[PDB]
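Encoded as structure tokens, the structure appears first; notes follow it.
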Amino acid sequence: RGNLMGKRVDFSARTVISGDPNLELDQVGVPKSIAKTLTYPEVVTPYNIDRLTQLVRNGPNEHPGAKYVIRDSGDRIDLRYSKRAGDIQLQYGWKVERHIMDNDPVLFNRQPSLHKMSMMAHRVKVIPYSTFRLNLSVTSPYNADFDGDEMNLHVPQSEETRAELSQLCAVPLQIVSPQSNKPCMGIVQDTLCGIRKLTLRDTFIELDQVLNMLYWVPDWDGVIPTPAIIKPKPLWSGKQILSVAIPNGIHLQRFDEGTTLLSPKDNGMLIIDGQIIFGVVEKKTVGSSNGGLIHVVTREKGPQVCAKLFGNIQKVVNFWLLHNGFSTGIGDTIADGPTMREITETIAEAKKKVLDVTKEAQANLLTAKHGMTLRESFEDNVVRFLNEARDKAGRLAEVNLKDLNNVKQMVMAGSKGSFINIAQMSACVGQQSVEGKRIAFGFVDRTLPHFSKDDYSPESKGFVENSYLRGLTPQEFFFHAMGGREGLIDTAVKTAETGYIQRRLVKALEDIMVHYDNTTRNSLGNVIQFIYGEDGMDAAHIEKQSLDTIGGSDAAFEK
Amino acid sequence: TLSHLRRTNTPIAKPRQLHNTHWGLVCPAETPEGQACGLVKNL
Amino acid sequence: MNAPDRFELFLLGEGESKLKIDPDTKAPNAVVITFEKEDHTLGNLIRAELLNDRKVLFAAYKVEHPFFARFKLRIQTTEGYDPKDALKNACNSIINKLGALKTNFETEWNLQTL
Amino acid sequence: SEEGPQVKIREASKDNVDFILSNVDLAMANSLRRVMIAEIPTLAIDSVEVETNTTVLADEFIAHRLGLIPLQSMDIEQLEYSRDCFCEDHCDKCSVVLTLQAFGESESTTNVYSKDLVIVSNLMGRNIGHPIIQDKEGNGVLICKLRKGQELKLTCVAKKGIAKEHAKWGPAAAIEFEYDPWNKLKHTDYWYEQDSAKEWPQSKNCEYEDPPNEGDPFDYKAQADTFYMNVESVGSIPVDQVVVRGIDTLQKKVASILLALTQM
Amino acid sequence: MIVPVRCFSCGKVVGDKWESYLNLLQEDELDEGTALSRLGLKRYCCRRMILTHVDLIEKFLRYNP
Amino acid sequence: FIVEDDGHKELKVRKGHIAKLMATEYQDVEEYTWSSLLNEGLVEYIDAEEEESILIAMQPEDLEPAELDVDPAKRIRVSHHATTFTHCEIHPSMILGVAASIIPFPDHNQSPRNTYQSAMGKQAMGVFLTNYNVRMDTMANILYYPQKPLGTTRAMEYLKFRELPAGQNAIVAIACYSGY
Amino acid sequence: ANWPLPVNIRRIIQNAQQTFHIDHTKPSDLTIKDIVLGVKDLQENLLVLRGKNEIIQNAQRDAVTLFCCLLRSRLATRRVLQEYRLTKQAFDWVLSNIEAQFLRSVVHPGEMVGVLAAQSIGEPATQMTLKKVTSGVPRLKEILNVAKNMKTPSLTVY
Amino acid sequence: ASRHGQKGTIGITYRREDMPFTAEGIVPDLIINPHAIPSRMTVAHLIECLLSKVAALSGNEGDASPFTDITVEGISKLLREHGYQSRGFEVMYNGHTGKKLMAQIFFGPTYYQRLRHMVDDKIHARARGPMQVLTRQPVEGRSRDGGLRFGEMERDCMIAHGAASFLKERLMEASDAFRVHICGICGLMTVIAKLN
Amino acid sequence: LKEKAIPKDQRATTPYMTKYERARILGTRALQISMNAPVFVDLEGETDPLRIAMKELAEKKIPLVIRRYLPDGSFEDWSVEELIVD
Amino acid sequence: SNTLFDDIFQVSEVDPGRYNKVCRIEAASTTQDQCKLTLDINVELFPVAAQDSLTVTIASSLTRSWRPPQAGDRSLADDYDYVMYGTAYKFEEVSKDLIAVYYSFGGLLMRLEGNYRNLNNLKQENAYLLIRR
Amino acid sequence: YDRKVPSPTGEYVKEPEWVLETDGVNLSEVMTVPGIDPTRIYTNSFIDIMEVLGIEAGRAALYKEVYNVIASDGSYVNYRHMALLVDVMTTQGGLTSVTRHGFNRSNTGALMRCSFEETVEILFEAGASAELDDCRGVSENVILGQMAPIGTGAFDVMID
RNA sequence: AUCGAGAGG
Ligand SMILES: Nc1ncnc2c1ncn2[C@@H]1O[C@H](COP(=O)(O)OP(=O)(O)OP(=O)(O)O)[C@@H](O)[C@H]1O
Ligand SMILES: [Mg+2]
Ligand SMILES: [Zn+2]
Ligand SMILES: [Zn+2]
Ligand SMILES: [Zn+2]
């Protein structure tokens, strides 16, 4: 299991990783010292030898250098040591171990080996600082948010191996996921928030900024966009520069909300020929989701165009955002006093309803659903009341939160944040759930030693009215801590179980392969599937679409 | 240093989960993270 | 360890050309100038003066990476205006303005009594 | 007086000068301020060799502290950068050398001040390398406090430097910029829960400019010609010299570009 | 361990002030903030370097060697 | 703290004993110790089972009898609704551990992040002791200019964290600047 | 209506409309007969498996059946003319593009399906976060273990 | 990492002139992304910045003690008396442009700690290396200049990519490649071969 | 057991080269170019063996026989020139 | 070099919309029953009133890089206050003898009605909108 | 349930449906009762469905259960991936466990079985078995270090 | 080595 299946391997490097927007997604930033340590054997060739002479001259300390030269006899020549290294002739049929060079294929991997996508080949770009650099987008298949994340790079030692990595393991080839038939990588973080903000009609770009952004697109048409507004002043909408970034010839249609062609809400999107007619850019268009722009670009234009597009969008949007800026801030957590009073009245109403249901239980005059114990029914109804109360409180807050506040902006982009986070910070965190239950009395009849005996009221049970900004009472904090402890246990438990599972699945299914007859067979050749996936087709290149005959009136179908 | 000096280790029916009895005697939130979480606690 | 020196950003090494000039592709008069061992603060100034001149159609400044102090400026000029000439005129204009400000400030300081 | 940018100084102090600059392109004010922090050259110790250190502070820590201490740089233009200069490690024109040896004789904890530092390299009649003390006592910045019975012996060599290489060389700590105080340009949209005016304080720089009339429309063309600025000087280089040197350094950079084009 | 020379954000020297400031708070029984104002360390970052700083050097000085 | 009936059921310790404690504390006369409180009987030691028998109040103010505007920001507190409390807890913060005591506002923050900071703080660099230059430990890391925290828990002065800080009060801006 | 579909017809049609700059006023050049016959011909020239065995041909016909239905829905003679004024050439181009896209869509022989399937389960399963049923990782463990014991057995009676 | 839950690597060192500057001129020692905070759900980091700014301008020490009654509105009022925004949202000028940033940026004094873990210690690169004799495999760890482990699950990702040769070169040439002579007749490597 | 020939007229296999087949062919040709074995195609401006192999495949200059294989083990052979690449 | 269509319109409604700088404009044709216009205008750029009459013109001309205005080189293609450039997202018929025209200028949206001007409205994407006081 | 059925017009309309949910499963007895549709009835346990209705119904239920888990996440996995596991258990007449019981016990190969669990016991029995390993399996090939007949390795490449 | 402890993801 530990030596034959897995082997500690030569030419393996690891570093703390940090994310660089300028670096293209396909490239990995390789710290110079590691590249200098790492060697790839290259046979001398007539074209190769002249470059390689100079690289050997530059030597081990400075890349492009060569740690070793390999004779036809192959007795090792150590370059750093060798006196002859000053005077060596390169010869032919002799293999020079080049220092690792830019635009050379490597494999970059996050320790979760759950996915083939998690190990992806990258172009080498040698960078001075010590941290491996990677694009912001490429983080998502890697599942690495690199506060301290460490990633491992393996360098091919053979040209056939290099060809296999480049021809099949490249990031562009792995953009569109085999599973879930959606792109793995999407625009992330400030690029998404800023793309939404840039796309708003309210946002407008001056000609100087326009020229800088045009320049920022690595490939520009060279033709200044005609001003969206000319006569009062030459103005350019943010969508037009972003459209200059969009690859020409690409058409996107998106309708989710009432998306009239007029589209006053500006929901949904029309791009025609890489030029976007209507909409505000949202997460799904720019997202990993199928029907996202990335899926369309990857299939329509090929993978390389898609990866470059990733880069270009990131540069233009990040520049724009840097000009506008962004800050989360305390006041996005702060909520209007009128809305806060409505919030408190909502919580009070839920409390009175809980007491009334409890009183009816105390009367023993109750309706118990069949197959439900009466205590079970009471607890379920009360739990539902508290859950509905927290959700409703958050919804009132969400309406109260203005368009300008930044947490809503992050959520509207979909970059980061969710309604539940808004609700818990704003109004009410909700009832703590332990073992699928409201907080128990460890002491008989008391949830807390402070709490009185036989209290089934929500405060004893630990549903926390208080906002995070408002602050939490001590009892509430302890209840939250109990729930969190259970959550962390379950996190680690789930990981361990998934490790055992995933290994079992892989070991069972490793033998099974598509064969040339298209039978899907194990090593013995027992046919699991006569045609793989019951369609005989690759999971890639499959997008969900509507089937028109099904649905609608029969008269509508005939008409 | 101080935290290492005050440590509780439980050899190993839900020990990890915070108990109502634990309140006021053990820190609610100081616990190992990862395997053996909640087994060990700081007074 | 791996990190480069502050001086390397500061000064030209290995005979780096301070200015490299290459033709732009797809714009007739445009030309790209790679300033080397140069920083943003000069580049935005050069570009602003280039924008001011009527004859230059395009002026933009871009840096490939924060790590390396290489600054690229591209200028497209009207026909009959050399791009390099345009850049010269803009730079000279900046120098004239700077001298005027220094003289005015010196007079003002002499007026100031503290 | 001169056509072009005209500057009126609100306040003159040796530490700081507050001025109003009009008819200036903003990118030029920003360019000058970034030059003023970074490009102005000043002399600070680049090398410290310690003979013996008995103090509790480690030698690297002390050397760093020494690097931050201000050294007068009025005549720093006369001084030549060591990399520019022909000498080996140091010539007297490029390097000003300061030695300090302090022994904790006093039962009271000894204090080591900038005033104790002394120069061993010939001035040649230029005002360079004198430690600057603004303290009323004249007691220098404390490099180290010495226990009784503790002696530290070090020599220091000061070479020309620029702030882009290191923070100590930058003459000016703080530079204050205000433009469009009324927000007539509306470059920035204020975040207000209820009202923008109450949440954001009115700047003093707003008051100089006439308050915008409510009726007039916003003009897209206008770019602010007037900025309000203040410079704070360590005093290794005086304020007036500091701003003039920032201007001059920008001119020198532009001239280097122009000459590079001519050579091309 | 020792008073920082300069506020890292500003770069303005803070080494000279510290001794006076200590005496100052005892001399007038002044609140610390007014003493910072008298020092002229108006920037809250400059103030921060002083208020947050502690001199552990005295503790190291107590050790006899 | 022990609470027993007098008129209204009141904490046993009262103001005067605190004033004497603080007077002895300022001296550094009549000696007042925690053992003196226990000999006085104002404070008692309770095991978990005894705790099951006892009924306790978080706040000393809650026990005193309560007889209308309230600031909105204040955390909603359920009224105790209990006539009799055997004892009153000294402070909620005391249930929190040392690492929890370090966290500025656990009360205003999520529990899992409080746990994570507890984990990180042991890893975080600080000056371990004044004796370090004399000491020879295998690995030691000491901050160049250690700075006391701007916001301090009342617990920290007992913890000595302020005296031997592990952090720098960096000016921190929340912004999007070129995606780093 | 939405199902995973081998080729996105609507994208091909939209791309055709912009490519050929089609106008609605001009009548379609295309014979009604040629629309129907060309759709049938496109259906004929898609092979999941090469060669002719009656069982192999039949397994292909079963295999292509849903895709054939999608194509018939997407292109009807009436629909072809109404939705767009397809030049006969743009219809032939659509036909060629659909065939080529399906050929790209066929799985390359030798791809290891099972390892991909296991990983494809695994990443959701790693991220998988836990009216009452056995749910999530415990439920999955029961399914994989084929254990007789069910923590929450349930029968759905209709 | 902060005193609150969030931790991070420094992606870059920016000179002060590049960094955005308030009218006062304070340059943040540290810039953090907004997007991290909402999912972290730690309000107290923001609260600590506000309280520390109030405390620094007043010069008074600021108490964050848990379960002690504190008004964010009160702290905001104190900041208003200082004149700083109740939000602490600060008008900022973009460094390279000198232009005012369109959106004002939160600026606060935040306590932060330096984590023990450091890149320079952590990095290990081994092109070729010492081999533990019996396995013939790479040794383990930076100290022994050890080769990183290739997971069997990692091998599974590679099989899913389908490249037999990369896995083969990692599996034999990179680690414990070996040549032997096995006797055909015995079916077993009874044969020992003198090549000389 | 032996001589499990598949007639060249009677081959059924995907005419398109498997991406694995293209990768292996390109890598083998690139190994030969690194080996400095003679290159049939006219070469303009590329050192790298893989770029040359890609051009040679587009040229179809690469002579190689790819044995399409079946679970039964009858071997069908498709010349690189025969196989469609796209 | 001929304007494709010229119209005189009276604006029924100004809607601030979600965006403050860009307001929606609902406008009814003058002397035509069947022509209706819904536009996105910038109020900061253009003063608007709840009731107002503004001349509306669409021109094919007065690709090419937008050339910065040189006053001597520039002849005003229009004396009109407001000009936008954009492409029609769709040309549709709400009713027979009632063509509806949809033109977008950098996402800013335009709705037009009637078959009298559909011959005036053209298939070519390029359009210039001219608004006069 | 609130399930949707075709209307007389054929537009898909929704009709409320009455259902029953049973704590226990006794499939054979429940199916032979009045008032139920024998066709419609389902058991959450895959094994009961398989025993009553045959192996193919069991495989359908297996995919349904896996789908319910993935849907509880809201994640989506393409039908082929789930299907392959379901079919691997299904193709063996008895439903086959992912665990070593069954999966490792399937005869084909010796090393593919040995890798997962109980390695040495498998090898001991195989030694008594005198098992011959094709070594075709991927894990087996990795143990050999010989190139696996996998992806690029599988097809032979010969000169013209 | 071995064993343990601890810690990072
Ligand atoms: N899948 C996710 N969805 C939403 N937010 C996430 C997700 N993963 C991380 N975050 C957020 O990103 C920030 C930092 O990540 P987080 O603290 O959750 O890391 P972690 O869970 O410890 O990492 P890991 O995924 O490596 O186990 C927090 O704001 C967190 O809420
Ligand atoms: Mg992480
Ligand atoms: Zn010299
Ligand atoms: Zn400061
Ligand atoms: Zn033998």
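Here chain D follows Swiss-Prot, giving residues 2-265 in order.
Just so you know, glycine gets a Cβ as well, placed from its N, Cα and C.
Counted within 10 Å of its Cβ, the other Cβ atoms near D:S2 (N-acetylserine) come to 8, all protein chains included. In the three-state DSSP assignment, the secondary structure recorded for D:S2 (N-acetylserine) is coil. Annotation comment: Swiss-Prot describes D:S2 as N-acetylserine, evidence class a large-scale study or a structure entry.
Residues or ranges marked as Zn(2+) binding site in Swiss-Prot: D:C86, D:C88, D:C92, D:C95. Taking Cβ-Cβ distances under 8 Å and a sequence separation of 6 or more, the neighbours of D:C86 (Zn(2+) binding site) in its chain are D:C92, D:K94, D:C95.
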Cβ-Cβ distance under 8 Å to D:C88 (Zn(2+) binding site), same chain, at least six residues away: D:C95, D:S96
D:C92 (Zn(2+) binding site): tally of other CB atoms within 10 A of its CB: 13
Zn(2+) site, defined by D:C86, D:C88, D:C92, D:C95: further same-chain residues with Cβ within 8 Å of the Cβ centre: D:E81, D:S83, D:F87, D:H91, D:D93, D:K94, D:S96
Cβ neighbour count within 10 Å of D:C95 (Zn(2+) binding site): 22
D:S2, D:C86, D:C88, D:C92, D:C95: the recorded positions whose Cβ falls under 8 Å from a chain C Cβ: D:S2
Candidates near ligand 3 among the recorded positions D:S2, D:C86, D:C88, D:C92, D:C95, judged by a Cβ under 6 angstroms: D:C86, D:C88, D:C92, D:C95
